[PDB]
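A single chain, nothing else alongside it, follows as structure tokens in the form solved without guanosine-5'-diphosphate.
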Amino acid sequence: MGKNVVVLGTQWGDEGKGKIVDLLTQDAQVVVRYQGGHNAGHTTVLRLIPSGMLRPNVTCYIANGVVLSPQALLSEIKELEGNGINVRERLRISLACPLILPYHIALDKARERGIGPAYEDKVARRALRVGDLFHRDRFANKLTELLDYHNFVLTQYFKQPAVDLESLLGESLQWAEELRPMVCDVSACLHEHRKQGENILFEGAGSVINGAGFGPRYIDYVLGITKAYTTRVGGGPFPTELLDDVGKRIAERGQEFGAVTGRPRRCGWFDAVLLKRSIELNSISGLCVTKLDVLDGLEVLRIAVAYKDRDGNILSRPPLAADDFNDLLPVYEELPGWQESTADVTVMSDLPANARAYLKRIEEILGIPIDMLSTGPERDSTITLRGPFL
């Protein structure tokens, strides 16, 4: 009776998913984080707590696939609680979530935020988990025995400072009593929600299957949040990158700047080769296109529809290995731009004809529909052609 929807970004991040996830929570009773750690979040800066915590009817789940720093989580809980939110009644946390602890962060540093080494412990069948907080004897004996190895690696191998065991025990003294009312078998709860016919939103940041204990055939719709152009933060291959004045104008209109560093992001044309792979890997049902108004006023637009490698071969998907992008170039289609503003448009027919043709061409190339268009920051500044939960 209910519908189970996955929402994820389709490019390299910064697709503008925050406003869209918030909009979708209007139709969900349940919101689930199932992967990742504390990496990026909607605006307080919430990195671990799922998005629907503001809506009073929504239950929020941190499922077993999330690795979490408990002090990071309690700090978010207290920050929300200070703003009055009854967080503890509506937040639920898997007993199976592996913990991110100071030795994980230290390992990351010596190699160069703790997320990787936490997943490493899990794969090695040695990770401390939320459930271990409730067996304080086991928590201390595993923590001590884990530190014997990690501190050895940290000091005898990387010549970096150790993580003190006693101080970690002192820091963890309150964690069990603080988390206790919220811990549970999250997969069981999700399947009970599914049985009751409630709408469940899986908020992408490990798949839904393993990360939430939720079989693939129960997923009804995968929404891919997709920016009308492409951005990158890190270095490395970016075939549609613009190093010119159009790229600079996209950066300014899109406010494409690091929220912490202030460094401009790399900007470029829409890349349908990248999107083809994202669609296949995630069986994406439809797209939500964001920031279309950034392109308002450009004379021409380009869309990369293929890649041509160094040998001149035509590629329909990005190559697997990063070194294979060396001497690789995009194959572009050209579409005419528009001059009228598309900002805050609320009905498709109000868009200029060339904006609608741009959106139609993306649909034709990718073979899936654009079911949502975001034209500005407000919630009602969205066109929904087909609702993910309908």
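From 1 onward, residues are counted along the sequence shown.
The stretch of deposited sequence separating residue 205 from residue 206 contains 10 or more residues lacking coordinates in this entry.
Gap between residue 112 and residue 113: 10 or more deposited residues without coordinates. Just going by the entry, 2-10 versus 379-387 on mean CA temperature factor gives the higher value to 379-387. Look at the C-alpha B-factors of 194-202 and of 150-158. On average they run higher in 150-158.
When the C-alpha B-factors of 187, 86, 278, 226 are read from the PDB record, the largest value belongs to 86. As recorded in the entry, 321 carries the highest CA temperature factor of 32, 58, 321, 343.
The deposited CA B-factor of residue 64 belongs to the lowest third of values across its chain. When all modelled residues of the chain are sorted by CA temperature factor, residue 350 is found within the highest third.
In this PDB entry, the Cα temperature factor of residue 334 sits in the middle third of its chain's modelled residues. When the modelled residues of the chain are ordered by C-alpha B-factor, residue 297 sits in the highest third.
Residue 327: CA B factor in the highest third of modelled residues in this chain (values from the PDB entry).
This protein has a second form, the form deposited with guanosine-5'-diphosphate bound, left out of what is shown; the following refers to that one.
The binding site of this unliganded chain is open: after guanosine-5'-diphosphate is superimposed from its pose in the deposited bound form, not a single one of its atoms comes within 2.4 Å of the backbone or a C-beta atom. When you look in the deposited bound form, the only residue of 121, 132, 271, 293 with a non-hydrogen atom within 4.5 Å of guanosine-5'-diphosphate is 293.
Exactly one listed residue, out of 43, 57, 326, 341, brings a non-hydrogen atom to within 4.5 Å of guanosine-5'-diphosphate in the deposited bound form: 43. Stretch-level contact check against guanosine-5'-diphosphate in the deposited bound form with heavy atoms at 4.5 Å: of 100-108, 86-94, 148-156, 283-291, the positive one is 283-291. The shortest heavy atom separation between residue 11 and guanosine-5'-diphosphate in the deposited bound form exceeds 4.5 Å. Residue 375 belongs to the set of residues with a heavy atom inside 4.5 Å of guanosine-5'-diphosphate in the deposited bound form.
Shown alone here, residue 18 lies within 4.5 Å of guanosine-5'-diphosphate in the deposited bound form, counting heavy atoms only. Of all the residues from 48-73, none has a non-hydrogen atom no more than 4.5 Å from guanosine-5'-diphosphate in the deposited bound form.
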